[PDB]
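J.: Pasting an experimental structure with its sequence.
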12 protein chains.
Amino acid sequence: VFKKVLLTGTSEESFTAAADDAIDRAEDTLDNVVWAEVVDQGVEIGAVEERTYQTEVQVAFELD
Amino acid sequence: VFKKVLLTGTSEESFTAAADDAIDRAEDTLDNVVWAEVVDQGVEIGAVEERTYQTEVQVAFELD
Amino acid sequence: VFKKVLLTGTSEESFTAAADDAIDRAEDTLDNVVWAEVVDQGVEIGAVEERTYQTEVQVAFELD
Amino acid sequence: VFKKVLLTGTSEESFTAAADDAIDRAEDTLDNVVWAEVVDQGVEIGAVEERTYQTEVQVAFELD
Amino acid sequence: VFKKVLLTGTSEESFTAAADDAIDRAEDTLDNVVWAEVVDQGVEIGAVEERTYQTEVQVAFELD
Amino acid sequence: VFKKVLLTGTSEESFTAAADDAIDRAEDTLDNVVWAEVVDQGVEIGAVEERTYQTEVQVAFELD
Amino acid sequence: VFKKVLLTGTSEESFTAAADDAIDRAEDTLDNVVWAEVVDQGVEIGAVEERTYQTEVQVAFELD
Amino acid sequence: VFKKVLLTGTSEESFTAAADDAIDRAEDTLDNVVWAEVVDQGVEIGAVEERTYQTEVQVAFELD
Amino acid sequence: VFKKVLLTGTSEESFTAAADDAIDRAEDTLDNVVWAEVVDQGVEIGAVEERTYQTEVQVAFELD
Amino acid sequence: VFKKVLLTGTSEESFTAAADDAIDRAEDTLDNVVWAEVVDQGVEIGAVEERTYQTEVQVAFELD
Amino acid sequence: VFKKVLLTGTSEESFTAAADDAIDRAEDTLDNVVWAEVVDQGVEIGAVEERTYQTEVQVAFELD
Amino acid sequence: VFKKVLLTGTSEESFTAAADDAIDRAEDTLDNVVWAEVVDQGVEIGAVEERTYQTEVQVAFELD
Ligand SMILES: Cc1cc2nc3[nH]c(=O)[nH]c(=O)c3nc2cc1C
Ligand SMILES: Cc1cc2nc3[nH]c(=O)[nH]c(=O)c3nc2cc1C
Ligand SMILES: Cc1cc2nc3[nH]c(=O)[nH]c(=O)c3nc2cc1C
Ligand SMILES: Cc1cc2nc3[nH]c(=O)[nH]c(=O)c3nc2cc1C
Ligand SMILES: Cc1cc2nc3[nH]c(=O)[nH]c(=O)c3nc2cc1C
Ligand SMILES: Cc1cc2nc3[nH]c(=O)[nH]c(=O)c3nc2cc1C
Ligand SMILES: Cc1cc2nc3[nH]c(=O)[nH]c(=O)c3nc2cc1C
Ligand SMILES: Cc1cc2nc3[nH]c(=O)[nH]c(=O)c3nc2cc1C
Ligand SMILES: Cc1cc2nc3[nH]c(=O)[nH]c(=O)c3nc2cc1C
Ligand SMILES: Cc1cc2nc3[nH]c(=O)[nH]c(=O)c3nc2cc1C
Ligand SMILES: Cc1cc2nc3[nH]c(=O)[nH]c(=O)c3nc2cc1C
Ligand SMILES: Cc1cc2nc3[nH]c(=O)[nH]c(=O)c3nc2cc1C
Ligand SMILES: [Cl-]
Ligand SMILES: [Cl-]
Ligand SMILES: [Cl-]
Ligand SMILES: [Cl-]
Ligand SMILES: [Mg+2]
Ligand SMILES: [Mg+2]
Ligand SMILES: [Mg+2]
Ligand SMILES: [Mg+2]
Ligand SMILES: [Mg+2]
Ligand SMILES: [Mg+2]
Ligand SMILES: [Mg+2]
Ligand SMILES: [Mg+2]
Ligand SMILES: [Mg+2]
Ligand SMILES: [Mg+2]
Ligand SMILES: [Mg+2]
Ligand SMILES: [Mg+2]
Ligand SMILES: [Mg+2]
Ligand SMILES: [Mg+2]
Ligand SMILES: [Mg+2]
Ligand SMILES: [Mg+2]
Ligand SMILES: [Mg+2]
Ligand SMILES: [Mg+2]
Ligand SMILES: [Mg+2]
Ligand SMILES: [Mg+2]
Ligand SMILES: [Mg+2]
Ligand SMILES: [Mg+2]
Ligand SMILES: [Mg+2]
Ligand SMILES: [Mg+2]
Ligand SMILES: [Mg+2]
Ligand SMILES: [Mg+2]
Ligand SMILES: [Mg+2]
Ligand SMILES: [Mg+2]
Ligand SMILES: [Mg+2]
Ligand SMILES: [Mg+2]
Ligand code: NA
Ligand code: NA
Ligand code: NA
Ligand code: NA
């Protein structure tokens, strides 16, 4: 059985690095992370110092 | 990193109050709740006494 | 077996009351109405006197 | 010909009042506003004092 | 309040049995599981021995 | 001209049999049923005895 | 209250005429038809003599 | 950079002519119109004399 | 088994004729073309002489 | 690089067997078939003898 | 009240830089730009010299 | 007439480079490649050595 958690990663650099940010967090706290599906992307502007790219992913992990 | 939990709140009063019901539950058990996105709304009729409005939300919270 | 009818209710008050308007109509003419799913919402402006909130619902009823 | 502008209204009270907020703004600056279609709803939490309901609408107006 | 977890069940037999696989896992670890909504189906081929049917479900459970 | 009715069939056995349940009902009451399109699938759990698979279909029939 | 019926009109001429075909049928059998929304278009080829354009519409009518 | 404006054109003749109606309006008031994407089609019936076909388009234009 | 190819037809006349353009091409090179489903429509403006209507279709054909 | 072909399989038995029908055809003619994603399901009724279940899949295969 | 404008940015480098291109243009001409939501991405090939990455964003700005 | 092929490119570097990977493959085997539309993005994790970014594109090419 796989389960997915819905995470939004952030980066001041790129959409790819923002996806990595979310996956890194998942891998910190979950075993058997196997894939991620991008579900949205955006840019936070008017409450940060530098533009912040955001990539939201369903991160899938194998249960057990 | 933000994470979202997918909650359906309920109310005998309104769709807005049903959204509040879900957010209240999130705030009871989670720190740093920052926003909610409505993903569906409906009304339960034929297994309740009074119509029950339901509002399903992705409730976003900042991790750490 | 359930069947759904696609109804748009209206209200000069709120989206919740517009949903009730549709459900009330279904309950007038149908037995065993069991739930409703919101599929769209809108506001009619430039052919009514007061803004009219509209809520479109699939109203589900149990057949037999 | 109709044109639509994509506006997010806000309210500390309800999704309906947040929709009104957007429509009111459109009517302030546009002639012949004729309808609005709800495209999203959400709640801003962790950068406001009180929860703020938001309703995003395409507000349609007749050109000329 | 209901909460949903996003699970992908697997089966070498059918899409229905793959849905059961996910629900069974939810029922192992959660109380008050009340319904499941199918959100995707697929078949894993080129890293398994026999075709494996997969059914992804939002499994809803009542909180408390 | 074709018309469609939106029916949810149920089965304690499978998603395919739940689709048949809806189609059977359509064929009981309608002439010239010609096809069905699956629009959703789900499983009712916590108000039935055995899991009940549900398949919602637009059932198309030729008018006249 | 408005209700919608989901009709597929057909024409050997055009998508517009296929939409008219559905609306004409609605107007034959329903009072207070007020609008139609196109939901799909297609072309039937390999079971007709000439290509047949099809336009599927939700036809809305005012109840009462 | 391209920008899009969301326009609904109308015609008593066809969906194609309704799309032209919107594009013509864009070209009246905008320079460097480069393409249009159809996003919806419909027919206004019960507040016009003759059926009016409507085609909603995102009309893209190159900025500068 | 059916297979679909994703083709965009073009016409200086209409969306219907643009759909025919794609289907004609499919029929030139494929046997047993049986139906087409419209998936998008648009208009190319700023790199053609006359507006060019485009209709994108999944063209289905029976294999063997 | 992966490529996908869009195939509709058929079965007089089940949606799962209809998916297998499409995958079997892909495996007959393609090397390195690796997965399939269900994109639609339906039932052909009024031009076949027995109901025919259909499952449309994107069948993915690794290029080279 | 927030308003959104629908802009497609371009870059010969990356999808992230194409998003920046659109946001930069918005910030040139608008006050209080607060966020952007990616709605589409693509690559222009056969009318440019080098591949051009394009990222379409709804750029949100606070009115007043 | 344009045709599209549905390709998933891969890269250990970025979503942009994964899109290039797919386009490069199309250009190897097809003439008159004119544009690509991103339809999905993801990251393969638990069967590769380094995270592999994937970008799925419809690659459009002009027929003849
Ligand atoms: C990055 C980002 C910020 C946002 N802020 C937001 N802030 C807000 O008050 N309302 C919103 O709807 C909203 N949407 C956002 C979406 C994105 C993608
Ligand atoms: C409130 C609500 C109840 C429902 N009950 C339901 N009960 C059921 O047996 N099948 C369903 O598909 C179903 N859907 C529902 C959807 C909503 C929005
Ligand atoms: C309330 C409402 C009115 C509308 N009127 C409309 N009137 C019209 O001529 N064309 C339309 O597309 C249209 N859409 C509408 C949508 C909504 C939600
Ligand atoms: C109200 C609201 C705020 C938001 N803030 C947001 N803030 C953010 O940093 N990223 C987001 O994606 C985001 N989305 C939002 C969506 C909504 C509906
Ligand atoms: C079963 C299945 C396997 C998959 N594998 C996959 N493997 C991969 O490398 N990229 C993918 O996008 C991908 N998608 C899949 C989807 C499904 C439904
Ligand atoms: C089978 C089923 C039951 C459901 N019950 C439900 N019951 C409920 O109170 N709210 C819901 O949203 C809901 N959704 C359902 C969906 C499905 C598919
Ligand atoms: C016109 C048309 C015919 C079709 N026939 C069809 N026939 C069939 O056996 N399976 C299908 O999925 C199918 N889809 C169709 C869709 C359209 C739009
Ligand atoms: C042409 C058209 C008119 C409409 N009128 C409408 N009028 C209305 O009161 N409510 C609606 O939702 C609505 N929708 C419409 C949609 C279309 C496409
Ligand atoms: C006809 C048409 C042309 C287009 N050109 C385009 N040209 C471009 O540089 N970027 C685009 O996104 C784009 N989209 C188009 C869509 C359509 C429907
Ligand atoms: C099985 C099937 C047959 C169909 N036939 C069809 N036949 C037709 O004339 N028009 C259609 O739109 C159509 N759609 C279909 C869809 C499905 C899923
Ligand atoms: C970059 C891009 C160019 C395009 N050109 C295009 N050109 C065209 O003639 N028709 C189209 O549909 C089209 N779509 C496009 C989409 C994208 C994303
Ligand atoms: C990269 C990727 C791998 C995947 N693997 C997958 N593997 C699997 O067994 N089931 C899946 O649904 C699945 N989906 C995937 C999606 C993506 C985007
Ligand atoms: Cl989710
Ligand atoms: Cl419907
Ligand atoms: Cl828009
Ligand atoms: Cl496709
Ligand atoms: Mg930096
Ligand atoms: Mg988002
Ligand atoms: Mg914010
Ligand atoms: Mg009360
Ligand atoms: Mg729901
Ligand atoms: Mg129930
Ligand atoms: Mg009042
Ligand atoms: Mg509507
Ligand atoms: Mg009107
Ligand atoms: Mg107050
Ligand atoms: Mg939003
Ligand atoms: Mg076995
Ligand atoms: Mg999936
Ligand atoms: Mg049994
Ligand atoms: Mg459902
Ligand atoms: Mg003729
Ligand atoms: Mg259809
Ligand atoms: Mg047929
Ligand atoms: Mg005339
Ligand atoms: Mg519309
Ligand atoms: Mg001409
Ligand atoms: Mg297109
Ligand atoms: Mg048999
Ligand atoms: Mg289909
Ligand atoms: Mg360069
Ligand atoms: Mg686009
Ligand atoms: Mg071009
Ligand atoms: Mg490297
Ligand atoms: Mg994918
Ligand atoms: Mg895999
Ligand atoms: Na989730
Ligand atoms: Na219906
Ligand atoms: Na817009
Ligand atoms: Na394809």
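T.: Nice, I can see it. Residues are numbered from 1 along each chain as shown, chains lettered A, B, ... in the order given. Ligands and ions are numbered 1, 2, ... in the order given.

J.: SS state for residue A:43?
T.: Judged by DSSP: H, G, I helix; E, B strand; the rest coil, the three-state class of residue A:43 is strand.

J.: Could you tell me how many residues sit around the residue nearest to it when sequence neighbours are not counted?
T.: Closest residue to residue A:43 apart from its sequence neighbours, by C-beta to C-beta, 6 or more residues apart in numbering or on different chains: residue K:36 at 4.4 Å. Quick note: C-beta positions are derived from backbone N, CA and C, even for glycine. Neighbour count of residue K:36, defined by other C-beta atoms under 10 Å in any protein chain shown: 30.

J.: how about residue K:36, what does it touch?
T.: A:42, A:43, A:45, K:19, K:22, K:23, K:26, K:57, K:58, K:59, K:60 (C-beta atoms under 8 Å, 6 or more residues apart in numbering or on different chains).

J.: tell me which element it is part of?
T.: strand K:33-44 (DSSP states H and E).

J.: For chain A, which segments count as strands?
T.: Taking DSSP state E as the criterion, chain A contains strands spanning A:2-11, A:33-44, A:52-62.

J.: any idea how far residue B:1 is from residue A:27?
T.: To residue B:1, residue A:27 is 12 Å away according to C-beta to C-beta, to the nearest Å.

J.: Tell me which of the strands of chain A is the most buried.
T.: Mean neighbour count, computed with mean count of other C-beta atoms under 10 Å in any protein chain shown, is highest for strand A:52-62 among these, reaching a mean of 23.

J.: next one: that one to chain centre, how far?
T.: 3 Å (C-alpha atoms, centre = their mean, to the nearest Å).

J.: Report the angle between the strand holding residue K:36 and strand A:33-44.
T.: Going by axes from the mean of the first three to the mean of the last three C-alpha atoms, to 10 degrees, strand K:33-44 is angled at 120 degrees with respect to strand A:33-44.

J.: hey, C-alpha coordinates of strand K:33-44 in CSV?
T.: The C-alpha coordinates for strand K:33-44 follow below in CSV (Å, rounded to 0.1, in the frame of the first residue of the first chain):
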residue,chain,number,x,y,z
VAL,K,33,2.0,42.5,-6.6
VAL,K,34,1.7,39.8,-3.9
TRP,K,35,1.8,36.3,-5.5
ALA,K,36,1.6,34.3,-8.7
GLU,K,37,0.0,31.0,-9.5
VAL,K,38,1.4,28.9,-12.3
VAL,K,39,-1.4,27.8,-14.7
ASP,K,40,0.5,26.3,-17.7
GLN,K,41,4.0,25.7,-19.1
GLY,K,42,5.2,25.1,-22.6
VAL,K,43,8.0,25.4,-25.0
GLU,K,44,7.9,27.4,-28.3
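
J.: how much space between residue A:14 and residue A:20?
T.: The gap separating residue A:14 from residue A:20 is 9 Å, by C-beta to C-beta.

J.: go on, residue A:53?
T.: 11 Å.

J.: Leaving out sequence neighbours, find the closest residue to the residue nearest to the spatial centre of chain A.
T.: In chain A, the centroid-proximal residue (C-alpha atoms, centre = their mean) is residue A:22; its distance is 2.7 Å. Leaving aside its chain neighbours, residue A:22 sits nearest to residue A:9 (3.1 Å; criterion: C-beta to C-beta, 6+ apart).

J.: Close to ligand 12: what parts of chain A are there?
T.: By C-beta under 6 Å from any ligand atom, the residues of chain A that approach ligand 12 are A:35, A:37.

J.: ok and the residue in chain A nearest ligand 7?
T.: residue A:37 (26.4 Å; C-beta to the nearest ligand atom).

J.: Does that residue touch residue A:58 like I think?
T.: Yes: using C-beta atoms under 8 Å, residue A:37 is in contact with residue A:58, at 4.7 Å.

J.: Now the common contact residues for the two.
T.: Here residue A:37 and residue A:58 have residue A:4 as joint contacts, going by C-beta under 8 Å, 6+ apart.

J.: From residue A:46, how far out is the residue nearest to residue A:43?
T.: Taken as C-beta to C-beta, the span from residue K:36 to residue A:46 is 10 Å.

J.: Residue A:38 now?
T.: Distance of residue A:38 to residue A:46, given as C-beta to C-beta: 24 Å.

J.: now swap in residue A:39 and tell me
T.: Between residue A:39 and residue A:46 the computed distance is 23 Å (C-beta to C-beta).

J.: can you check residue A:53 too?
T.: Distance from residue A:53 to residue A:46, by C-beta to C-beta: 15 Å.

J.: Leaving out the residues flanking it, which one is nearest to the residue in chain A that ligand 13 sits nearest to?
T.: Here chain A gets closest to ligand 13 at one residue, residue A:6, 4.9 Å apart by C-beta to the ion. Leaving aside its sequence neighbours, residue A:6 sits nearest to residue B:4 (C-beta to C-beta, 6+ apart; 4.5 Å).

J.: ok now do the one you found, which residues does it touch?
T.: Residue B:4 neighbours (C-beta under 8 Å, 6+ apart): A:6, A:7, A:8, B:37, B:58, B:59, B:60, B:61.

J.: Out of those residues, the closest to ligand 2 would be?
T.: residue B:58 (16.2 Å).

J.: near ligand 4 at all, stretch A:44-52?
T.: Yes: interface with ligand 4: stretch A:44-52 contributes residue A:44 (C-beta under 6 Å from any ligand atom).

J.: Buried residues, that stretch. List them.
T.: A:44, A:45, A:51, A:52 (16 or more other C-beta atoms under 10 Å in any protein chain shown).

J.: Spell out whether it and ligand 1 are in contact.
T.: Yes: counting by C-beta under 6 Å from any ligand atom, ligand 1 is contacted by stretch A:44-52 at residue A:44.

J.: Just the endpoints, please. Distance across that stretch?
T.: The straight-line separation of the ends of stretch A:44-52 (C-alpha to C-alpha, to the nearest Å) is 5 Å.

J.: For whichever residue of chain A sits closest to ligand 11, give me its contacts.
T.: Residue nearest to ligand 11 within chain A: residue A:41 (15.6 Å; C-beta to the nearest ligand atom). The contact partners of residue A:41, by C-beta under 8 Å, 6+ apart, come to A:15, A:18, A:53, A:54, A:55, A:56, K:19, K:37, K:38.

J.: Return the closest of those residues with respect to residue D:32.
T.: residue K:37 (28.4 Å; C-beta to C-beta).

J.: where's that closest one relative to residue B:37, distance?
T.: In this view, residue K:37 and residue B:37 are 12 Å apart by C-beta to C-beta.

J.: from memory residue A:40 sits against residue A:56, does it?
T.: Yes: the pair residue A:40 / residue A:56 is scored as a contact, 4.3 Å apart, by C-beta under 8 Å.
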